[PDB]
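Chains A and B are the protein sequences, given in the same order.
FYI, the numbering for the first sequence is -6 to -1, 2 to 113, going by PDB author numbering.
FYI, the numbering for the second sequence is 3 to 26, 32 to 113, going by PDB author numbering.
Quick notes on the structure that follows.
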Amino acid sequence: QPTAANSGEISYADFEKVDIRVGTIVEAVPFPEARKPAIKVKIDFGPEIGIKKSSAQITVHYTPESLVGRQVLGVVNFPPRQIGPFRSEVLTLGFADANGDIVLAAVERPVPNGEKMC
Amino acid sequence: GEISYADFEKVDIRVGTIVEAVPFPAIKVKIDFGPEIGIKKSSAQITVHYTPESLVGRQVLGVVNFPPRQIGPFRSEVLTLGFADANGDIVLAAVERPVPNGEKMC
C-alpha cells in the first residue's frame, strides 16, 4: 500500500520572487573554454534592465549567426556566476529535447524587451 | 532582490501540450504534461491573441506545483505562463521547437 512524502507545492510569492524576463540576443560568439560546446551571448532586456551577459549549451540547434534577434527567457536576479573566465549575469532558460539537446524557451510572438513572465 | 539557485529550483515549470480548450475574458484548457504529471487544468486570459482552435495542439509552459484551487465549479491546477505585449495583452510562453511533454525548464 502506498506511502508518500511531503507536498512539493509552493506559494505564489515563492514563484514571483524568481525574476524571469524576456530579452533579445544582440551578440553571440563561441565559448571557447566551455566543457561542453556553448555560446556566449549578450541579451538586451530593455532600457531599464539593460544588456546582460549569459551563455548556453545551444550549439546543436542554433548558431551565433541565427541567434542574434532571438528573444530568450532568462533569470535576471541571480548573483553573477563565474564560469571559467566568463562572468555570467543571467541564466538562459531551456529544455532538453528527445535527444538531450537544448531547446530554448521562447515567446509565441515578440513582446517588449524586459517583460516579466507571469 | 537576489535569489539563490535553490530558490529557483523550488519552482516547477514544465512544458505540456494543450489537448482541450473552451471559452470561459478567459479560456479553460487541459494541458498534457506527460506520464509523470498527467493532464492538468488551467484558466488563462488569452482571448485577444488566441482562440480555442489556435490553442489545441500547442505546447505551453506552466507552473505545476501550486495547490489546486476552485473557481466555482472549475478546478484550476496550473498557471499557464506568458508575457504582456506592447498593449498589455497576453502572449504565451513557448518552446522554440517540440520538446517531450513534462520536460522541466532549466
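C-beta: ideal position from N, C-alpha, C; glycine also.
| Check | Outcome |
| --- | --- |
| State the DSSP-derived secondary structure class of residue 25(A), mapped to helix, strand or coil. | strand |
| Kindly provide the ranges of any beta strand (DSSP E) runs that are 3 or more residues long and lie completely inside the stretch 28 to 89 of chain A, ordered along the chain. | 34 to 39, 46 to 51, 66 to 70, 76 to 78, 81 to 83 |
| Between residue 3(A) and chain B, is any beta-carbon pair separated by less than 7 Å? | yes |
| Anything in the stretch 71 to 93 of chain B with a Cβ closer than 8 Å to a Cβ of chain A? List those residues in chain order, please. | 72, 73, 74, 86, 88, 89, 90, 91, 92, 93 |
| Note the first and the last residue of the continuous alpha helix (DSSP H) segment covering residue 8(A). | 7 to 11 |
| Nearest CA to the CA of residue 44(A): which residue from 96(A), 78(A), 18(A), 31(A)? | 18(A) |
| Mind checking whether residue 42(B) and residue 93(A) have CB atoms under 7 Å apart? | no |
| Could you tell me the alpha carbon to alpha carbon distance between residue 105(B) and residue 5(B), rounded to whole angstroms? | 30 Å |
| What number of angstroms, rounded off, separates the C-alpha of residue 26(A) from the C-alpha of residue 56(B)? | 38 Å |
| When we look at the beta-carbon of residue 64(B) and count the other beta-carbons within 10 Å, is it buried (16 or more) or exposed? | exposed |
| Please tell me whether residue 37(A) and residue 48(A) are closer than 7 Å, where the distance is taken between their beta carbons. | yes |
| Cα separation between residue 72(A) and residue -6(A)? | 43 Å |
| The stretch 98 to 113 of chain B: which residues have C-beta closer than 9 Å to a C-beta of chain A, in chain order? | 98, 99, 100, 101, 102, 103, 104, 105, 106, 107, 110, 111, 112, 113 |
| Whose CA, out of 79(B), 112(B), 62(B), lies closest to the CA of residue 89(A)? | 112(B) |
| How should residue 79(A) be labelled, buried or exposed, when 16 other C-beta atoms within 10 angstroms of its C-beta is the threshold for buried? | exposed |
| Pick out whichever of 58(A), 54(A), 66(A) has its Cα sitting closest to the Cα of residue 117(A). | It is not possible to answer for residue 117(A), since the shown part of chain A is limited to -6 through 113. |
| Between 110(A), 52(A), 77(A), 70(A), which has its C-alpha nearest residue 8(B)'s C-alpha? | 70(A) |
| I want to see whether chain B comes within less than 7 Å of residue 13(A), judged by CB atoms only; does it? | yes |
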